[PDB]
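To keep things clear, I will list the structure first and then write my remarks on it.
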Amino acid sequence: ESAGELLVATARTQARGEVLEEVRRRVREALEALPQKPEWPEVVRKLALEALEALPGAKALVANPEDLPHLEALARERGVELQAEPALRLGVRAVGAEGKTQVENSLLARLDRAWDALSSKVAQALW
Amino acid sequence: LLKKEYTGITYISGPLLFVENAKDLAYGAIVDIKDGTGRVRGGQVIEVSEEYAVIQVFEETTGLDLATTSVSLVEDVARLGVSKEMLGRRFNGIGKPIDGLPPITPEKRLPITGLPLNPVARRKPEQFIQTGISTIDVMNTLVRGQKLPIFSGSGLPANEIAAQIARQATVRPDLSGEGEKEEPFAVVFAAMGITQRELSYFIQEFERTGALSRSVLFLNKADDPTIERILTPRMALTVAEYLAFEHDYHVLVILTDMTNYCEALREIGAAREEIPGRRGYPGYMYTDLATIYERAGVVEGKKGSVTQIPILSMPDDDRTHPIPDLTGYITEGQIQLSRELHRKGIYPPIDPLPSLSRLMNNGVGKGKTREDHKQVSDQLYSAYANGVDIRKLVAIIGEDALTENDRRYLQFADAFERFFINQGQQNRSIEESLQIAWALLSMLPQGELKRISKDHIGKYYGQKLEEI
Amino acid sequence: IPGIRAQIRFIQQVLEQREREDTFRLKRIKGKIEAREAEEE
Amino acid sequence: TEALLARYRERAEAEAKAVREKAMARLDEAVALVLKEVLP
Amino acid sequence: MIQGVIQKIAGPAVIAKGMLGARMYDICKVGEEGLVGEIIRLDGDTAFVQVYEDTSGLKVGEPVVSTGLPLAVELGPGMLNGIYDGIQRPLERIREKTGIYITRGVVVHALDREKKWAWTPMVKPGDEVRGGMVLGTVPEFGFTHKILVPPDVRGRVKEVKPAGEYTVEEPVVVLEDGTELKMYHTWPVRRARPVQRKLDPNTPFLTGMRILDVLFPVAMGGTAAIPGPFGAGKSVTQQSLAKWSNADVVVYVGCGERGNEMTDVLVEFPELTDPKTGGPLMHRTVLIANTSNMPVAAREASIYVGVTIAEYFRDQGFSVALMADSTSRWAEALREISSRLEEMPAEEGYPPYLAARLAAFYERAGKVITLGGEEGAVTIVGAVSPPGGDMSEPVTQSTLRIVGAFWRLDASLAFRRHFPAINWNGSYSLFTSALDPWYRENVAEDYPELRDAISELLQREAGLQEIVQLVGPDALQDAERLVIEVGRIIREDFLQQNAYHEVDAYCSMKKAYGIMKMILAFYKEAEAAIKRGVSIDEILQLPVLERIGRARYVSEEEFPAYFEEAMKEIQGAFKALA
Ligand SMILES: Nc1ncnc2c1ncn2[C@@H]1O[C@H](COP(=O)(O)OP(=O)(O)OP(=O)(O)O)[C@@H](O)[C@H]1O
Ligand SMILES: [Mg+2]
């Protein structure tokens with residue numbers, strides 16, 4: 001006779017899961033819509049300057065073809081070589097001095113790495 | 001946070017691989033291994049140096065190569081991620097949900113290895129737990145904060161006893177006389193090396209009586225990766241101690257089979273070529289088991305508690321086997337099953353003569369239970385031992401030499417094994433068990449109950465047979 | 001009979017332990033001779 | 001006595017509807033918070 | 001100081017490079033958190049350091065610094081009533097600084113620097129001092145703590161602080177060469193403290209347990225080993241010794257054992273009373289706790305710290321009892337460290353030098369004349385935990401070659417709830433002959449003969465029990481049946497002892513002597529009655545047997561009159577039977 005409470009709890013949990021999935025879809029759309037906004041050229045600059053300093057020494061920098069026009073200047077300023085990659089999207093990648101180590105700074109990876117930490121915060125604030 | 005990829009893989013063989021240019025990898029860190037096909041595996045750093053770092057792969061190394069494989073860092077310390085909503089959920093050995101419901105939202109992330117408890121911070125266990133079994137509640141009483149394993153064999157029904165204890169566990173706050181509110185009670189149930197049949201049995205048993213509503217299940221199957229069997233008790237204990245020491249829960253932890261854990265530990269240790277022990281088990285097995293068992297206890301200034309009931313199977317019923325032997329050196333007693341009682345059809349087949357509870361003397365008495373518990377337990381043990389001695393004597397020189405007292409003890413032993421131990425599936429209370437114990441104590445002469453004081457005799461020496 | 005059986009299994013366990021120790025020593029010495037002949041270069 | 005579960009089913013549906021309607025009005029603030037936390 | 005960086009991390013072992021100039025067995029601080037370690041191997045410009053703490057999360061390249069000094073303990077006022085970890089850190093301070101969990105990297109002084117002590121000088125300016133000489137006294141929980149010159153210090157006194165209150169850091173005495181003597185000094189735990197001379201043990205170590213104090217005695221300054229399987233009662237016996245023995249100071253080392261057993265002492269001892277002096281029992285005890293889940297390498301440090309503290313308290317002129325909860329755990333740590341070094345094992349994986357370590361540890365016990373010219377003693381009782389109860393295990397066999405007493409525990413007795421459960425047929429003692437004059441002077445003139453008679457009766461019972469098991473009691477004559485019944489009475493009414501009963505937990509020597517005399521008197525009278533044709537079944541029904549069985553529960557105050565009444569009843573019962 002107490003299975004009704006179990007059904008209520010399961011329904012609440014599934015509703016919360018669906019809400020979080022909707023939030024994830026909205027965040028994905030907002031992140032993938034970045035290339036159409038004026039903050040985007042500064043965001044890629046920030047990512048490039050962070051990537052080139054995470055590695056103590058960078059042999060070359062790999063950038064998306066649409067992103068390199070906004071970062072060629074500090075590509076020459078830092079003194080590292082510039083390399084293009086059509087496959088790289090929503091960020092830039094750096095290559096270490098010895099060629100063994102590379103660091104990636106794409107926004108999708110950042111979302112994947114940070115959503116499991118901020119899910120509790122967004123749930124607490126939303127509800 | 002950025003992502004770092006290490007591609008300098010220089011050597012792969014067995015479960016190990018070497019990364020040469022990875023000085024930044026801390027010792028014991030958890031890493032992700034990704035191959036050319038995009039599949040991701042897990043690993044742990046077991047040794048780090050300037051030349052290379054050695055990573056132990058959680059799964060098999062099939063499909064890896066030195067050209068396309070890359071290694072990335074996940075975290076420096078293995079964190080679980082816990083929440084108070086885990087009650088009623090069902091997870092695998094690595095913590096992923098397997099019940100179909102969506103994943104939880106972590107209130108906190110805690111290291112799964114834990115930290116040792118400061119002895120100055122501990123306090124003496126003081127309160128008992130009603131398991132619903134007379135042989136345990138009366139003679140081998142379990143105390144909140146104790147480690148008390150169950151020793152079983154091959155065909156003995158350990159799983160049924162574990163499920164029954166999980167279903168019937170209660171705290172009985174009324175007997176404390178303090179009148180405080182009933183404290184929250186929860187069960188953390190960790191299963192290692194379980195087949196599909198036993199998995200279905202446990203799921204049905206938990207869902208039959210609604211005990212799942214106050215339980216957290218960690219289920220590791222026999223076909224799962226070996227490393228998952230190692231981490232399951234640590235996940236269970238992390239959840240248990242989080243609940244106990246941050247929400248004042250009284251948590252009962254049950255580990256279904258430590259023999260499978262020991263086999264997994266032996267395999268993993270032998271993969272790394274450590275110095276073998278007595279029967280191939282690693283030499284550090286005592287420390288490894290201690291780091292699991294020692295996490296139970298009670299803390300001064302806190303209301304919660306953690307209780308552990310490990311279950312293990314003695315190989316060939318040899319109590320001197322390394323697994324039960326090392327388990328005994330850590331815990332505070334043992335409950336031992338008997339094959340003779342199993343042949344007689346007795347359930348649960350707990351043999352009270354070789355069983356013991358070290359913390360029992362502090363968990364029972366006036367205010368904790370009825371005031372005659374200790375004396376009746378002692379008298380029951382003495383009388384049953386006398387009856388067993390009479391049985392052993394009869395089977396050699398014949399029954400005809402028996403004195404009236406000897407045959408009285410002989411029949412008392414049979415009545416004991418038929419009524420006190422053979423309870424079936426009943427959820428006996430402590431008062432019911434004490435009433436039954438007094439009922440068959442009255443089977444003996446009043447002057448023969450030497451251990452019991454005169455004041456409890458007459459008050460409880462009712463000279464009545466069992467009403468069941 | 002049970003005492004004799006227990007003695008037999010105890011002796012078997014001791015012998016197996018000694019054999020395992022000998023195998024470990026053999027592996028150690030093979031590893032070290034390989035290491036010598038390699039690192040001597 | 002077999003018709004008990006229907007009322008709990010409809011109550012669970014009502015509770016889920018209440019939770020989702022509470023969530024709908026505030027999704028944008030949470031999305032803005034996520035974008036603020038992720039973006040450099 | 002020598003300063004290097006981490007080259008390799010593997011378990012509890014760390015290899016540092018750039019450490020050219022570091023010395024063997026010096027203390028090093030590893031990593032950014034400064035974890036304590038010790039050098040055990042030097043090779044090239046590298047050093048091999050075993051870390052006494054958790055090494056998880058360390059990275060290659062972190063700094064390593066060498067302190068230039070070996071592992072040492074601080075010896076001075078403030079050790080009694082305290083509890084310490086493996087490397088002598090106060091656990092109460094660690095709790096009040098870091099909560100309920102023991103975290104690594106905590107630095108705190110062993111002796112409190114804020115407490116002030118009532119200093120009373122005893123030396124005058126211009127006096128010639130030497131190692132071990134008494135400079136002054138300090139009250140310590142009712143003890144008179146003596147401030148000792150460090151063993152390797154010589155000079156002439158130039159200045160003495162007057163009476164007053166000072167901290168342990170105060171330079172109370174200054175020599176003419178500029179050396180300042182404080183209330184405390186440091187000593188390497190791996191060096192035995194020197195003594196003038198070692199004496200022969202001729203006084204008993206009264207444990208308060210009948211079987212050990214009578215059948216297998218140990219003398220002051222002696223050594224005993226108590227091996228046994230799990231559940232046999234090593235911990236209960238050791239706690240009973242720590243609660244009832246006549247030692248001045250008790251040092252308890254929890255080497256790798258459970259934490260609840262260490263919590264029990266802290267909870268209970270402050271409420272019990274010292275048998276030798278008023279005041280709580282905890283003022284007598286120093287605890288060294290390193291539980292099972294604490295770092296493995298700290299067990300050896302625990303053992304050495306405990307033995308060094310025992311040596312210091314001996315040097316002050318006391319008689320100290322040292323209990324080691326399990327040396328098998330220390331052997332396990334040695335095996336693990338040897339495995340990290342890739343050494344060749346001897347057998348069962350233990351390093352070949354295990355026996356030397358055990359002998360060096362056990363040889364620190366003994367009754368000595370201190371450097372200050374007064375008597376002191378250290379008695380060591382060390383428990384062993386053989387795997388599966390196998391007595392051929394290397395640790396047990398190595399221990400049995402150096403100890404003077406062997407208290408073997410039996411699992412068969414323990415599984416029948418027969419405690420203390422010493423196997424009286426497998427045990428032995430080598431101090432029994434040297435203690436006879438003391439027994440004659442202090443207990444009774446004929447005590448050794450009574451003890452020999454009891455042992456002979458036990459031997460005869462043992463030699464009859466197999467015949468009983470083979471043919472059955474019914475075919476035996478009255479004489480051997482009486483022997484069997486007397487052996488049963490001895491086993492169940494003299495050897496048995498409840499460590500939790502209020503009265504039966506402790507037993508004086510005179511009480512055991514009285515019980516033995518009662519048993520022998522009853523045996524003599526029953527033998528005479530049997531020779532007079534009286535049925536043994538009639539003898540078994542005599543009511544005086546209950547008086548004999550109930551004797552051990554009688555309090556010490558009431559025992560002398562109870563003994564006379566029982567002897568009169570014993571003689572009268574067979575006198576009336578005729
Ligand atoms: N002298 C005694 N009197 C009464 N009970 C005893 C006595 N000795 C042992 N016991 C009982 O037996 C139990 C086992 O004793 P104890 O804990 O000292 O064993 P141990 O040999 O130290 O075991 P372990 O190797 O597992 O640490 C005790 O908890 C107690 O219940
Ligand atoms: Mg013990």
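Identifiers for the structure tokens are assigned positionally: chains receive A, B, ... in sequence, residues are indexed from 1 per chain, and ligands are indexed from 1 in the order shown.
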Neighbours of stretch 27-41 of chain C within 12 Å (only C-alpha atoms; same-chain residues fewer than 5 positions away dropped), as a PyMOL selection string?
(chain B and resi 273-275) or (chain C and resi 20-22) or (chain E and resi 342-345)
Output N, CA, C and O atoms of each residue in that selection to a file, as a tab-separated table (two decimals), in the first residue's frame.
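In the end it all went to out.tsv:
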```tsv
chain	number	residue	atom	x	y	z
B	273	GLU	N	53.25	-8.07	-9.63
B	273	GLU	CA	54.42	-8.85	-9.19
B	273	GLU	C	54.91	-8.41	-7.81
B	273	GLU	O	56.09	-8.11	-7.62
B	274	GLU	N	54.00	-8.37	-6.84
B	274	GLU	CA	54.40	-8.16	-5.46
B	274	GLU	C	54.89	-9.47	-4.84
B	274	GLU	O	54.76	-10.55	-5.43
B	275	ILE	N	55.46	-9.36	-3.65
B	275	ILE	CA	55.93	-10.57	-2.96
B	275	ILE	C	54.73	-11.38	-2.49
B	275	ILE	O	53.85	-10.84	-1.79
C	20	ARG	N	56.64	-21.84	-4.43
C	20	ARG	CA	56.34	-20.47	-4.86
C	20	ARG	C	57.51	-19.53	-4.56
C	20	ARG	O	57.84	-18.67	-5.39
C	21	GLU	N	58.13	-19.69	-3.39
C	21	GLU	CA	59.30	-18.87	-3.07
C	21	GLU	C	60.43	-19.12	-4.06
C	21	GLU	O	61.10	-18.18	-4.52
C	22	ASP	N	60.67	-20.39	-4.41
C	22	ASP	CA	61.72	-20.71	-5.37
C	22	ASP	C	61.42	-20.10	-6.74
C	22	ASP	O	62.33	-19.58	-7.41
E	342	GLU	N	63.61	-4.25	-2.80
E	342	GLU	CA	63.96	-5.37	-3.68
E	342	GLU	C	65.12	-6.19	-3.11
E	342	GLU	O	66.02	-6.60	-3.83
E	343	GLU	N	65.09	-6.42	-1.80
E	343	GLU	CA	66.06	-7.30	-1.17
E	343	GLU	C	65.64	-8.75	-1.34
E	343	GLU	O	64.52	-9.07	-1.73
E	344	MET	N	66.57	-9.65	-1.03
E	344	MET	CA	66.25	-11.07	-1.06
E	344	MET	C	65.62	-11.50	0.26
E	344	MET	O	66.23	-11.32	1.31
E	345	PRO	N	64.41	-12.04	0.24
E	345	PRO	CA	63.79	-12.49	1.49
E	345	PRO	C	64.44	-13.76	2.01
E	345	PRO	O	65.11	-14.49	1.29
```
At a cut-off of 10 Å, using only C-alpha atoms, what residues contact residue E:205? Leave out same-chain residues fewer than 4 positions from it and give the result as a list in words.
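Within the cut-off, the hits are residues 201, 212, 213, 217, 218, 219, 220, 221, 222, 241, 245, 246, 247, 319, 321 and 379 of chain E.
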What does the file look like for those residues with N, CA, C and O atoms, as an mmCIF file, in the first residue's frame?
```cif
data_model
loop_
_atom_site.group_PDB
_atom_site.id
_atom_site.type_symbol
_atom_site.label_atom_id
_atom_site.label_comp_id
_atom_site.auth_asym_id
_atom_site.auth_seq_id
_atom_site.Cartn_x
_atom_site.Cartn_y
_atom_site.Cartn_z
ATOM 1 N N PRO E 201 68.047 -10.785 37.978
ATOM 2 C CA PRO E 201 66.679 -10.617 38.483
ATOM 3 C C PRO E 201 66.387 -11.607 39.603
ATOM 4 O O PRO E 201 66.558 -12.818 39.444
ATOM 5 N N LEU E 212 49.817 -17.317 35.681
ATOM 6 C CA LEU E 212 51.091 -16.726 35.291
ATOM 7 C C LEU E 212 51.979 -16.462 36.500
ATOM 8 O O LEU E 212 53.186 -16.717 36.458
ATOM 9 N N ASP E 213 51.402 -15.949 37.588
ATOM 10 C CA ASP E 213 52.212 -15.613 38.752
ATOM 11 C C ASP E 213 52.684 -16.853 39.499
ATOM 12 O O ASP E 213 53.650 -16.777 40.265
ATOM 13 N N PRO E 217 56.200 -17.935 36.390
ATOM 14 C CA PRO E 217 56.514 -16.574 36.830
ATOM 15 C C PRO E 217 57.572 -15.918 35.958
ATOM 16 O O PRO E 217 58.394 -16.576 35.317
ATOM 17 N N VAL E 218 57.533 -14.589 35.944
ATOM 18 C CA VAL E 218 58.539 -13.768 35.284
ATOM 19 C C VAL E 218 59.086 -12.782 36.307
ATOM 20 O O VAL E 218 58.328 -12.205 37.094
ATOM 21 N N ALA E 219 60.404 -12.617 36.318
ATOM 22 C CA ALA E 219 61.043 -11.746 37.289
ATOM 23 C C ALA E 219 61.165 -10.326 36.744
ATOM 24 O O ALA E 219 61.109 -10.090 35.535
ATOM 25 N N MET E 220 61.325 -9.376 37.663
ATOM 26 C CA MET E 220 61.524 -7.985 37.277
ATOM 27 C C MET E 220 62.777 -7.853 36.423
ATOM 28 O O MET E 220 63.843 -8.363 36.778
ATOM 29 N N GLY E 221 62.648 -7.158 35.297
ATOM 30 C CA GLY E 221 63.711 -7.101 34.323
ATOM 31 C C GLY E 221 63.745 -8.263 33.356
ATOM 32 O O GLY E 221 64.643 -8.314 32.509
ATOM 33 N N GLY E 222 62.804 -9.198 33.457
ATOM 34 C CA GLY E 222 62.745 -10.314 32.544
ATOM 35 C C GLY E 222 61.959 -9.992 31.293
ATOM 36 O O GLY E 222 61.437 -8.894 31.104
ATOM 37 N N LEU E 241 47.439 -6.967 32.985
ATOM 38 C CA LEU E 241 48.776 -6.661 33.484
ATOM 39 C C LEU E 241 48.961 -5.160 33.664
ATOM 40 O O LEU E 241 49.532 -4.713 34.663
ATOM 41 N N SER E 245 49.466 -4.855 37.720
ATOM 42 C CA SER E 245 50.853 -5.165 38.031
ATOM 43 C C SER E 245 51.433 -4.148 39.009
ATOM 44 O O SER E 245 50.956 -3.019 39.136
ATOM 45 N N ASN E 246 52.483 -4.570 39.708
ATOM 46 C CA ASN E 246 53.140 -3.749 40.715
ATOM 47 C C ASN E 246 54.248 -2.875 40.143
ATOM 48 O O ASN E 246 55.131 -2.454 40.896
ATOM 49 N N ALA E 247 54.230 -2.601 38.843
ATOM 50 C CA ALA E 247 55.225 -1.723 38.250
ATOM 51 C C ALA E 247 54.924 -0.267 38.583
ATOM 52 O O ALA E 247 53.769 0.131 38.752
ATOM 53 N N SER E 319 60.675 1.189 38.323
ATOM 54 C CA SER E 319 60.533 -0.123 37.705
ATOM 55 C C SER E 319 59.404 -0.037 36.689
ATOM 56 O O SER E 319 58.257 0.240 37.052
ATOM 57 N N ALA E 321 57.150 -1.421 33.305
ATOM 58 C CA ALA E 321 56.636 -2.551 32.547
ATOM 59 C C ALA E 321 56.266 -2.082 31.148
ATOM 60 O O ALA E 321 55.497 -1.128 30.992
ATOM 61 N N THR E 379 60.658 -4.407 32.332
ATOM 62 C CA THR E 379 60.108 -5.718 32.019
ATOM 63 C C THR E 379 59.304 -5.602 30.732
ATOM 64 O O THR E 379 58.408 -4.758 30.631
#
```
Write out as a PyMOL selection string the residues lying within 9 Å of stretch 63-69 of chain B, counting only C-alpha atoms and excluding same-chain residues fewer than 4 positions away.
chain B and resi 6-12+33-37
Grab the residues selected above and save them as an mmCIF file, in the first residue's frame with C-alpha atoms.
```cif
data_model
loop_
_atom_site.group_PDB
_atom_site.id
_atom_site.type_symbol
_atom_site.label_atom_id
_atom_site.label_comp_id
_atom_site.auth_asym_id
_atom_site.auth_seq_id
_atom_site.Cartn_x
_atom_site.Cartn_y
_atom_site.Cartn_z
ATOM 1 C CA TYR B 6 50.014 12.787 -22.813
ATOM 2 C CA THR B 7 50.969 10.875 -25.959
ATOM 3 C CA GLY B 8 54.445 9.602 -25.063
ATOM 4 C CA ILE B 9 53.388 5.985 -24.579
ATOM 5 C CA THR B 10 56.552 3.879 -24.720
ATOM 6 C CA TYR B 11 55.623 0.413 -23.440
ATOM 7 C CA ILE B 12 52.520 -1.736 -22.941
ATOM 8 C CA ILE B 33 43.142 6.296 -21.472
ATOM 9 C CA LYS B 34 41.730 6.959 -24.944
ATOM 10 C CA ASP B 35 42.578 4.929 -28.048
ATOM 11 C CA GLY B 36 42.203 5.578 -31.765
ATOM 12 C CA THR B 37 38.573 4.438 -31.865
#
```
Output the contact residues of chain B with respect to chain C at a cut-off of 9 Å, based on only C-alpha atoms, as a short mmCIF file (atom, residue, chain, number, x, y, z; two decimals) with N, CA and C atoms, in the first residue's frame.
```
data_model
loop_
_atom_site.label_atom_id
_atom_site.label_comp_id
_atom_site.auth_asym_id
_atom_site.auth_seq_id
_atom_site.Cartn_x
_atom_site.Cartn_y
_atom_site.Cartn_z
N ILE B 275 55.46 -9.36 -3.65
CA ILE B 275 55.93 -10.57 -2.96
C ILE B 275 54.73 -11.38 -2.49
N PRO B 276 54.62 -12.66 -2.86
CA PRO B 276 53.44 -13.43 -2.47
C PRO B 276 53.42 -13.74 -0.98
N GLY B 277 52.24 -14.08 -0.48
CA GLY B 277 52.04 -14.40 0.91
C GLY B 277 51.89 -15.89 1.16
N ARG B 278 50.99 -16.23 2.08
CA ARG B 278 50.87 -17.62 2.53
C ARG B 278 50.35 -18.53 1.42
N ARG B 279 49.34 -18.09 0.68
CA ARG B 279 48.75 -18.88 -0.39
C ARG B 279 48.61 -18.06 -1.66
N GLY B 280 49.61 -17.22 -1.95
CA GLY B 280 49.56 -16.34 -3.09
C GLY B 280 48.90 -15.01 -2.84
#
```
So that I can see what lies close to residue D:34, please list as a PDB file with C-alpha atoms, in the first residue's frame the residues with an atom at most 9 Å from it, counting only C-alpha atoms and leaving out residues fewer than 2 positions away in the same chain.
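So result-v1.pdb came out as:
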```
ATOM      1  CA  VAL A  27      23.396  25.564 -22.267  1.00  0.00           C
ATOM      2  CA  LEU A 111      31.229  22.417 -20.132  1.00  0.00           C
ATOM      3  CA  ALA A 114      32.311  21.756 -15.103  1.00  0.00           C
ATOM      4  CA  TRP A 115      28.654  20.707 -15.417  1.00  0.00           C
ATOM      5  CA  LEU A 118      27.738  23.145 -11.092  1.00  0.00           C
ATOM      6  CA  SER A 119      24.682  20.865 -11.348  1.00  0.00           C
ATOM      7  CA  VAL A 122      21.979  25.246 -10.473  1.00  0.00           C
TER       8      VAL A 122
ATOM      9  CA  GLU D  29      18.792  32.432 -14.831  1.00  0.00           C
ATOM     10  CA  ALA D  30      20.367  28.993 -14.375  1.00  0.00           C
ATOM     11  CA  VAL D  31      21.540  28.986 -18.001  1.00  0.00           C
ATOM     12  CA  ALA D  32      23.046  32.447 -17.530  1.00  0.00           C
ATOM     13  CA  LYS D  36      29.013  32.824 -16.625  1.00  0.00           C
ATOM     14  CA  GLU D  37      30.815  30.011 -14.783  1.00  0.00           C
ATOM     15  CA  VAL D  38      32.092  28.223 -17.901  1.00  0.00           C
ATOM     16  CA  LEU D  39      33.167  31.169 -20.062  1.00  0.00           C
TER      17      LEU D  39
END
```
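A straight line drawn from atom CA of residue B:442 to atom CA of residue B:466 is 10.2 Å long.
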Can you work out which residues are within 10 Å of ligand 2, considering only C-alpha atoms and all ligand atoms, and then hand them over as a PyMOL selection string?
(chain B and resi 329-332) or (chain E and resi 228-238+254+256-258+261+325-326+383-385)
Keeping N, CA and C atoms, export the residues of the selection given above as a CSV table (one decimal), in the first residue's frame.
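And here is the file that came out, again_20.csv:
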```csv
chain,number,residue,atom,x,y,z
B,329,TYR,N,41.5,-11.4,13.1
B,329,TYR,CA,42.5,-10.5,13.8
B,329,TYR,C,42.1,-9.0,13.9
B,330,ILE,N,41.1,-8.7,13.1
B,330,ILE,CA,40.7,-7.3,13.0
B,330,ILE,C,39.3,-7.0,13.6
B,331,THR,N,38.4,-7.9,13.5
B,331,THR,CA,37.0,-7.7,14.0
B,331,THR,C,36.9,-8.0,15.5
B,332,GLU,N,35.7,-7.8,16.0
B,332,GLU,CA,35.5,-8.0,17.4
B,332,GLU,C,34.6,-9.2,17.7
E,228,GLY,N,49.5,-16.4,20.3
E,228,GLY,CA,48.2,-17.0,20.3
E,228,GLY,C,47.4,-16.6,19.1
E,229,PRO,N,46.5,-17.5,18.7
E,229,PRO,CA,45.6,-17.1,17.6
E,229,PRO,C,44.6,-16.0,17.9
E,230,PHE,N,43.8,-15.6,17.0
E,230,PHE,CA,42.9,-14.5,17.2
E,230,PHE,C,41.8,-15.0,18.2
E,231,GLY,N,41.4,-14.1,19.1
E,231,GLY,CA,40.4,-14.4,20.1
E,231,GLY,C,40.9,-15.2,21.3
E,232,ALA,N,42.2,-15.5,21.4
E,232,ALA,CA,42.7,-16.2,22.5
E,232,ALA,C,42.8,-15.4,23.8
E,233,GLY,N,42.9,-14.1,23.7
E,233,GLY,CA,43.0,-13.3,24.9
E,233,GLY,C,44.3,-12.6,25.2
E,234,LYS,N,45.1,-12.2,24.1
E,234,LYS,CA,46.3,-11.5,24.4
E,234,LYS,C,46.0,-10.1,24.9
E,235,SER,N,45.1,-9.4,24.3
E,235,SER,CA,44.8,-8.0,24.7
E,235,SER,C,44.2,-7.9,26.1
E,236,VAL,N,43.3,-8.9,26.4
E,236,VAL,CA,42.8,-8.9,27.8
E,236,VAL,C,43.8,-9.1,28.8
E,237,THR,N,44.7,-10.1,28.5
E,237,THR,CA,45.8,-10.4,29.5
E,237,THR,C,46.7,-9.2,29.6
E,238,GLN,N,47.1,-8.5,28.5
E,238,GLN,CA,48.0,-7.4,28.6
E,238,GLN,C,47.3,-6.2,29.3
E,254,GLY,N,50.5,0.3,21.2
E,254,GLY,CA,49.5,-0.3,20.3
E,254,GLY,C,50.0,-0.4,18.9
E,256,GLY,N,49.9,-1.4,15.6
E,256,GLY,CA,49.1,-2.0,14.5
E,256,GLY,C,47.9,-2.7,14.9
E,257,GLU,N,47.3,-2.4,16.1
E,257,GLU,CA,46.1,-3.1,16.6
E,257,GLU,C,44.9,-2.2,16.4
E,258,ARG,N,43.8,-2.6,16.9
E,258,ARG,CA,42.5,-1.9,16.8
E,258,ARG,C,42.5,-0.6,17.5
E,261,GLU,N,40.5,-0.7,21.1
E,261,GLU,CA,41.3,-1.1,22.3
E,261,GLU,C,42.1,0.0,22.9
E,325,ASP,N,51.7,-4.7,21.9
E,325,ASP,CA,50.5,-5.4,21.6
E,325,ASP,C,50.7,-6.4,20.5
E,326,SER,N,51.5,-6.2,19.5
E,326,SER,CA,51.8,-7.2,18.5
E,326,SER,C,53.1,-6.9,17.8
E,383,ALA,N,53.5,-9.6,22.7
E,383,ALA,CA,52.6,-10.6,22.1
E,383,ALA,C,52.9,-10.8,20.6
E,384,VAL,N,52.6,-12.0,20.2
E,384,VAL,CA,52.8,-12.4,18.8
E,384,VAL,C,51.5,-12.9,18.2
E,385,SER,N,51.3,-12.7,16.9
E,385,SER,CA,50.1,-13.1,16.2
E,385,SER,C,50.5,-14.0,15.0
```
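For stretch 8-18 of chain D, the residues within 8 Å (counting only C-alpha atoms, excluding itself and residues fewer than 5 positions away along the chain) are residues 4, 5, 7, 8, 9, 11, 12 and 15 of chain A.
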Set the distance at 9 Å and use only C-alpha atoms: which residues neighbour stretch 399-407 of chain E once local chain neighbours fewer than 2 positions away are removed? I'd like the list as an NGL selection string.
:E and (212 or 216-218 or 222-228 or 355 or 358-359 or 362-363 or 384 or 394-397 or 409 or 422-424 or 426-431)
Can you work out the spacing between atom CA of residue B:149 and atom CA of residue B:255 in Å, to one decimal?
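Separation of atom CA of residue B:149 and atom CA of residue B:255: 9.1 Å.
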Which polymer residues have any atom within 9 Å of an atom of residue E:194, counting only C-alpha atoms, with same-chain residues fewer than 4 positions away left out, as a ChimeraX atom specification?
/E:151,370-371
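Every residue of stretch 194-272 of chain B found in strand (DSSP E or B) when DSSP is run on the backbone appears here: residues 194, 215, 216, 217, 218, 219, 220, 221, 250, 251, 252, 253, 254 and 255 of chain B.
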